[PDB]
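[1] just the first chains of my complex for now:
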Amino acid sequence: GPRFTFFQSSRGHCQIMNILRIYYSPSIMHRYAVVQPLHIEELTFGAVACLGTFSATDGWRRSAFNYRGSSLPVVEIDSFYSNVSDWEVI
Amino acid sequence: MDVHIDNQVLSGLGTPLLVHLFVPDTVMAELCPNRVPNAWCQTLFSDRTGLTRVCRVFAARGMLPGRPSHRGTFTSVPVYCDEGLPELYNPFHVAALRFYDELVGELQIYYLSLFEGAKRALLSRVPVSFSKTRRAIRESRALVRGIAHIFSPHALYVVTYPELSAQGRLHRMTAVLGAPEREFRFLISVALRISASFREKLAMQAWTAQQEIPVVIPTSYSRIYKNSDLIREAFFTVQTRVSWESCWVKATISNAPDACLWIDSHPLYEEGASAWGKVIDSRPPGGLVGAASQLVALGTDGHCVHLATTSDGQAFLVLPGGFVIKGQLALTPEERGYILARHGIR
Amino acid sequence: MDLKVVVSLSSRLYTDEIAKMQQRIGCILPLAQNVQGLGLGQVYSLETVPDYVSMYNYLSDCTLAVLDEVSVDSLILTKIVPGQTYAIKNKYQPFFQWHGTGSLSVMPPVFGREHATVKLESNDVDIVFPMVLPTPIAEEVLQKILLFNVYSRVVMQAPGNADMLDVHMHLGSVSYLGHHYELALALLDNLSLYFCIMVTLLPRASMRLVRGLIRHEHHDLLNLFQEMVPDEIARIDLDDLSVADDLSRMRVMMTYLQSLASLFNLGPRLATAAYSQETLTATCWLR
């Protein structure tokens, strides 16, 4: 079953596919040995969009997000410039 | 067993039946230093010498057998000599491989050592490698059996297994010499004609040295090397067991790609099977003075004889001491095409 | 900064020219000012065939522009900066959809040549607006027109293989976000031909590249898992061909795969934020 993850990198807008392909490489065939598709689907392993850019001056500062039951660590990003791109398959 | 199902669907064009095998690291360590290769199949015939097309064999090393008893490299040998029906086996029939990473080391194997042990060991969908699914379910010990090698006295493991009809026809085949008898006689034939060329070049001249390469020589050179001490020049022709490693053929393979110099250097008297088939380079920025440094480092070798071949058809023999005797290389160009098909493409 | 561009028309105009700019004020056109070369009016001239790759490479060559006003002689229009957002309507002869699509496309109208070409008898400029349509609509209609013209040329070669009823049951009906649309019908012929030679050159090129990269990583998990999948019928016939013809095949193969990859990418890629149904307009910025 799927999962979302959020990736921060100051590297290239066009050289983000290769490094994330390398990042998801140790998982893909390791859990893809047991599955085989049919009626053909299931070849696209994930897809990635760029939410946008925040400045290199300000970093991301960890904080705590608490509901009334308990708390959770949360990451604060200031001064964002949200320019949502399209989903790109890995 | 990855290379077994890696060249079983690729080499099927050039070859009907493919054999799966192992080479131990201990037997092929004297073929190549530091395990530098990581192949090319060319099976030569016993009585039907000819020439055949070269087949490619995918081999990957550093990966063990299923046995923990021995750990060696992977390989495969194509069998395509049997004309039409493969029910006939050719006995005493060699198969020669050119395993390589960057062409280094040669392997020769009989068909008889192969086949006797092979019977001894016993809205689309995606495409599936049916051979890969059928290979995976055997996974047992007795698929691999150890068989002695007649060329080099070691056990060569073959892996065969009741896979499909392609190996299924293989063990049912049986049938009712001279394959290494030719290659030694051929090389010694060209070595005899080269020594005869050097004989007539020393004969039409005075029995003298021209000394192409300068090197200083002591006064005791006629003492510590005796008068007419051609002991190495006697036994040179016995010491050339190999040709395809030799620099003698390196001139013939380099005529089409322009012309450099190649060196076959041998020990004055059994100091080791020294060296065969090296390069003297004028291409890189070492230059002609850099090649001259190599050539004077060659002539200063006081414990080795040297033979030189040029790519344009000339042969030289450099004595230890800087002396040299000029000579000729030229032969019938059928044997040029023979060596050129023995190595690779024409 | 006035991003507006002024164009002087040659002669005087008349009534339905005003009616058709009032029809086409919301829709947009590319750029090169000079009243002849305003948009795609130098590709849709009938003395040449209206081709798709020449028009597409022109559209990717030049910029884009929003028509805003047409007086008796002026053509008031603004162009597209990547900086700030402008307002866009449909005003298109196919009236497709805007349901919150975060990715847009601008393609020349494959549904009708005359559907977007507006003509004036006094002014021969025959200007024309390429069809703006959302990205799943765009990819679905480009598939359903490319495979349709492939099938048409194959029936023209041999009609016994392919039919028309079972392909009009499926390849004439795009369906996206609950809406079921209908469409049926040179440029797509040559576009299909480029794909036709690319998909027939892809086998030899694919086996040559996987045979070059097959044992680089001498025991890889990923390389072996991409080698276990593909066709056993495919990987046999490579070593028979000469060197120069092979490399010419790979060179033409690489040129047209880069061309068809940039062509399957949707060219002028607009992006919308909030679409108003009752005014038929959305805000857009260039992306």
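    Right, received. Where do you want to start? Numbering: from 1, shown residues only, chains lettered A, B, ... in the order given.
[2] going forward, measure contacts between C-alpha atoms and count neighbours the same way
    OK.
[3] ranges for the helices of the chain?
    All of this is about chain A. Assigned by DSSP state H, the helices in chain A fall at A:17-32.
[4] try again with chain B
    With DSSP H, the ranges of helices along chain B come out as B:25-28, B:111-120, B:130-135, B:165-168, B:181-204, B:221-224, B:231-239, B:250-253, B:287-299, B:333-343.
[5] with the stretch 1-150 of chain C instead?
    Applying DSSP state H, counting those that start in this stretch to the stretch 1-150 of chain C gives helices spanning C:15-23, C:52-61, C:113-116, C:135-157.
[6] among the ones you listed, which is nearest chain B?
    Chain B lies closest, by CA to the nearest CA, to one member of the helices of the stretch 1-150 of chain C: helix C:135-157, at 15.3 Å.
[7] name the residue of chain B that lies nearest to chain C.
    Counting by CA to the nearest CA, chain B gets nearest to chain C through residue B:10 (5.0 Å).
[8] these two touch, right, that residue and residue C:235?
    Yes. Here residue B:10 reaches residue C:235: they are 5.7 Å apart, a contact under CA atoms under 8 Å.
[9] near chain A, which residues of the stretch 51-200 of chain B?
    Contact residues (CA under 8 Å from any CA of the partner chain) of the stretch 51-200 of chain B with chain A: B:123, B:124, B:125, B:126.
[10] mind putting the residues you listed into CSV with distance to residue B:253?
    Below are those laid out as CSV (distance: CA to CA, whole Å):
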residue, distance to residue B:253
B:123, 52
B:124, 49
B:125, 48
B:126, 45
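[11] ok, so of those residues, who is nearest residue B:318?
    Nearest to residue B:318 among these, counting by CA to CA, is residue B:126 at 63.9 Å.
[12] my guess is the closest one meets residue A:38, correct?
    Yes. Between residue B:126 and residue A:38 there is a contact under CA under 8 Å: 6.7 Å.
[13] so these two - more neighbours on which side?
    Using other CA atoms under 10 Å in any protein chain shown as the criterion, residue B:126 and residue A:38 rank with residue B:126 on top: 15 against 12.
[14] for residue C:169, see how far away that one is.
    Between residue B:126 and residue C:169 the computed distance is 26 Å (CA to CA, to the nearest Å).
[15] just residue B:340 next, same as before
    Counting by CA to CA - residue B:340 and residue C:169 are separated by 62 Å.
[16] more neighbours: the two, which one.
    residue B:340 (17 against 9).
[17] tell me the contacts of that one?
    By CA atoms under 8 Å, 6 or more residues apart in numbering or on different chains, the contact list for residue B:340 reads B:252, B:253, B:346.
[18] so which of those reach chain A?
    Within these, nothing lies near chain A by CA under 8 Å from any CA.
[19] can I get the buried part of those residues as one ChimeraX selection?
    Restricted to buried positions by 16 or more other CA atoms under 10 Å in any protein chain shown, the ChimeraX selection for these reads:
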select /B:252,253
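[20] most tightly packed of the helices of chain B?
    Most buried of these by mean neighbour count (mean count of other CA atoms under 10 Å in any protein chain shown) is helix B:250-253; its value is a mean of 22.
[21] just the CA trace of that helix, in PDB.
    Extracted in PDB, the C-alpha atoms of helix B:250-253 (Å, rounded to 0.1, in the frame of the first residue of the first chain):
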ATOM      1  CA  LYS B 250      50.000  -9.000 -32.800                       C
ATOM      2  CA  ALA B 251      51.400  -7.500 -36.000                       C
ATOM      3  CA  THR B 252      48.800  -9.400 -38.100                       C
ATOM      4  CA  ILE B 253      45.800  -8.300 -36.000                       C
END
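[22] add chain D to the structure above, sequence below:
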Amino acid sequence: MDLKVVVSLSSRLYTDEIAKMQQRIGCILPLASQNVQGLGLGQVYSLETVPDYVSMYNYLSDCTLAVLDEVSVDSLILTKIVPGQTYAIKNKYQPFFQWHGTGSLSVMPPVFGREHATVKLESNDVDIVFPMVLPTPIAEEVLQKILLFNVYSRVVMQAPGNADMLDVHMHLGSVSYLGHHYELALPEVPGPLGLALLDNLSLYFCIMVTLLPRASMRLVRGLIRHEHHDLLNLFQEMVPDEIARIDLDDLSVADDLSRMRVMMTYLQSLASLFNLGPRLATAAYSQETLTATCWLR
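    Putting chain D together with the chains above:
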């Protein structure tokens, strides 16, 4: 929006280098973020390694670019490339490329020799090599030619009968241009990240070879059976074994939709792998002063 970004040196830029640095004004330079090393392309393209044109392409595509505007002594100023701004670039590159059609300009590493876009800095122990700027289609065919040589040098060396190693060095040869042909630099070993790029490309190739549309096979078989088209001239009226043996089956409407759908998403992924390096869309290039006004596309 700041643009005037100075780069402080640490030693005296002597007058033998001030002349050639003022000669290179209006060119493009890549940035690190200044320090004297890492501002240029000599930090990743040194004399010690092979010129691989991929790791330096990765440094060009990862970090941003900058126009050189003024070179003083002891310090020089740089002007960044933030989008939405129109930058004026002069063609000050020794392999000349005339911008007649004024297409989208495109950065490249100096694959036409280090010697034309280098500058010798003897103030500090650093050498700076300038990136090459040229229009998009020449850039893409340079990419395809350098990857074809990087994949084919090894397999021509891999043959035991290497009678023709020099066949690819002239067959690839120069770049394909009408007015003049421009030879380039060719590396023997593709290096690490070039092979990683070919590995990802082989991944994508073998995945899309699992789905071939069978319908175009019938059309190319018909065009073979019909008159020989000039685009068909690479076949010279021959049906190979593979296209003859992938057409034993029938043609339907079922497979074609899912085939062309996954071909749409994989060709968009291949365009994303070929949208490689920062590019510059060009409008109103004035030829009489050789200035191509560009915004960051």
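[23] what about the contacts of residue B:340 again, now that chain D is present?
    The contact partners of residue B:340, by CA under 8 Å, 6+ apart, come to B:252, B:253, B:346, D:161.
[24] identify, from those, the entry nearest to residue A:43.
    Nearest member of these to residue A:43, counting by CA to CA, is residue D:161, at 40.3 Å.
[25] wait, the closest one touches residue B:343, no?
    Yes. Counting by CA under 8 Å, residue B:343 is a contact partner of residue D:161 at 6.4 Å.
[26] quick one: terminal-to-terminal distance for stretch C:115-127?
    12 Å.
[27] now do the buried residues in it.
    Residues C:116, C:117, C:118, C:125, C:126, C:127 are the ones in stretch C:115-127 that count as buried (16+ other CA under 10 Å).
[28] correct me if wrong: the first one contacts residue C:110.
    It stands for residue C:116. No. With contact defined as CA under 8 Å, residue C:116 does not count as touching residue C:110 (9.9 Å).
[29] among the buried residues of stretch C:115-127, which two are most distant?
    Across the buried residues of stretch C:115-127 (CA to CA), the longest gap, 13.5 Å, separates C:116 and C:125.
[30] residue in chain A nearest to chain D?
    For chain A, CA to the nearest CA, closest residue to chain D: residue A:12, 3.7 Å.
[31] that residue and residue D:58: what is the separation?
    Per CA to CA, residue A:12 is found 8 Å from residue D:58.
[32] and the residue in the stretch 1-150 of chain C that chain D sits nearest to, how many residues sit next to it?
    Nearest to chain D in the stretch 1-150 of chain C, going by CA to the nearest CA, is residue C:83, at a distance of 5.4 Å. The tally of other residues near residue C:83 (other CA under 10 Å) stands at 12.
[33] give me the nearest residue to it, chain neighbours excluded.
    Of all residues not flanking residue C:83 in the chain, residue D:84 sits nearest, at 5.4 Å (CA to CA, 6 or more residues apart in numbering or on different chains).
[34] hmm, that neighbour is touching residue D:281, no?
    No. Counting by CA under 8 Å, residue D:84 stays clear of residue D:281, with 11.3 Å between them.
[35] which residues do these two both contact?
    D:295, D:296.
[36] picking that back up, distance of the residue of the stretch 1-150 of chain C closest to chain D relative to residue C:76?
    20 Å.
[37] please apply the same query to residue C:122.
    The spacing between residue C:122 and residue C:76, counted by CA to CA, is 19 Å.
[38] now stretch C:47-64: buried residues?
    C:50-53, C:55-56, C:58-64.
[39] pick the one among those closest to residue B:263.
    Using CA to CA, residue C:53 comes nearest to residue B:263 of these, at 59.1 Å.
[40] so how far is residue C:256 from the closest one?
    Residue C:53 sits 11 Å away from residue C:256, taking CA to CA as the criterion.
[41] and chain A, which residues reach chain D?
    Counting by CA under 8 Å from any CA, chain A comes close to chain D at A:11, A:12, A:13, A:14, A:15, A:17, A:18, A:40, A:88, A:89, A:90.
[42] thinking the second one is in contact with residue D:62, fair?
    Yes. Assessed by CA under 8 Å, residue A:12 is found in contact with residue D:62 at 3.7 Å.
[43] center of chain B - which residue?
    In chain B, the residue lying closest to the centroid (CA atoms, centre = their mean) is residue B:106, at 3.7 Å.
[44] for that residue, list the residues it contacts.
    B:31, B:96, B:97, B:98, B:99 are the contacts of residue B:106 under CA under 8 Å, 6+ apart.
[45] overlap in contacts, residue D:161 and residue B:343.
    residue B:253.
[46] which residues sit against stretch A:9-19?
    By CA under 8 Å, 6+ apart, the list of residues contacting stretch A:9-19 reads A:56, A:90, D:58, D:61-63, D:200, D:272-273, D:275-278.
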